[PDB]
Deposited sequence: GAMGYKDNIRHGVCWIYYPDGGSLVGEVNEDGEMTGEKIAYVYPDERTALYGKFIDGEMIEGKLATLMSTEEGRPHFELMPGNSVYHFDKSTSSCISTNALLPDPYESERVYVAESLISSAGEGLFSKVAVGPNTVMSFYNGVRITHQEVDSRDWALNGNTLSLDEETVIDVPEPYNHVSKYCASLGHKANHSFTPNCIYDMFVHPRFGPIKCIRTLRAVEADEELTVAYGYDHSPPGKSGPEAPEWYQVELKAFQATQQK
């Protein structure tokens, strides 16, 4: 009796459940939304204690058969706090690392951007937006200069990637904070439940994208409270003009 439990984002936990209903054991896996890349190993009640990078090679009677990737990649549940972004800031997510890279943006004066490594279809999760977890009070009370990377998660929590973690040399465990804004975007932000990061948001394609295409999302600031940085306000006027 194997079970699969899917999150709305298409990731899943899979394994034999224990005497209670629980995803607890040495041979449990989280499988990413490509239904191929997996973190396989020790889980307790669905929390990843030690997941090793693996590839789902086939299923037989519903049971997944994995091959472990070479190396000693081990991941664990490591949800951020208000002050700690990650226990392993420089350890990349292995799914994201196959799909995106950071380079100078094609948008003029927009710094770095996030690009597709590979051609993908619509509705494809490309990247994860992890960061520290702070309150709306803190973010809303403070200057725009500090709020370049703040992303609302829900009514209680904002995710931020504060300096110096906005540089890839200090933090590359996730890369969603590298996608620039467009009013004509190819991606959206979407909820995601990640086995290392916990409840976060991801960048998901709206349409097919080609290899080396810049990924962009609409940042969705309030246009009539605009409560937004200057560069966006400019860009809004121009958009409304077209």
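Residues of the deposited sequence lacking C-alpha coordinates, counted from 1, fall in the stretches 1-11, 237-241, 259-261.
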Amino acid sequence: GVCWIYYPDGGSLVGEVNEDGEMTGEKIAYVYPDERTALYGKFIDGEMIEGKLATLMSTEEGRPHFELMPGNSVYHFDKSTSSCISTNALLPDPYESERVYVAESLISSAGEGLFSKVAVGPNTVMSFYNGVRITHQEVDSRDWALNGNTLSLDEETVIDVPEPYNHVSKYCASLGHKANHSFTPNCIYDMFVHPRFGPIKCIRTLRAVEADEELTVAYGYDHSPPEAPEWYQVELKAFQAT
From here on, numbers count along this sequence of modelled residues.
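Rigid core (definition): largest C-alpha set, two forms, superposition within 1.5 Å.
Choosing between 33-41 and 55-63, the greater Cα displacement from the shown form in 6 other deposited structures of this protein, fitted by the core, goes with 55-63. Comparing 157-165 with 136-144 in 6 other deposited structures of this protein, after superposition on the rigid core, the stretch with the greater RMS C-alpha deviation is 136-144.
For the cut-off of one third of the other compared entries, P226 qualifies: that many or more give it no coordinates while modelling its flanks. Note on 155-163 vs 124-132: mean CA B-factor is higher in 155-163. Of the two segments examined, 197-205 and 66-74, it is 66-74 that shows the higher average Cα temperature factor in the deposited entry. For the set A110, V100, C172, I85, the PDB entry puts the maximum C-alpha B factor at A110.
Per the deposited coordinates, the residue with the largest Cα temperature factor out of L90, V139, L114, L106 is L106. In this PDB entry, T184 carries a Cα temperature factor that places it within the highest third of its chain's modelled residues.
The PDB entry assigns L56 a C-alpha temperature factor belonging to the lowest third of its chain's modelled residues.
Among all modelled residues in this chain, the alpha-carbon of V2 has a temperature factor (C-alpha) in the middle third. Among all modelled residues in its chain, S12 ranks in the lowest third by Cα B-factor. In the PDB entry, a CA B factor belonging to the highest third of its chain's modelled residues is recorded for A211.
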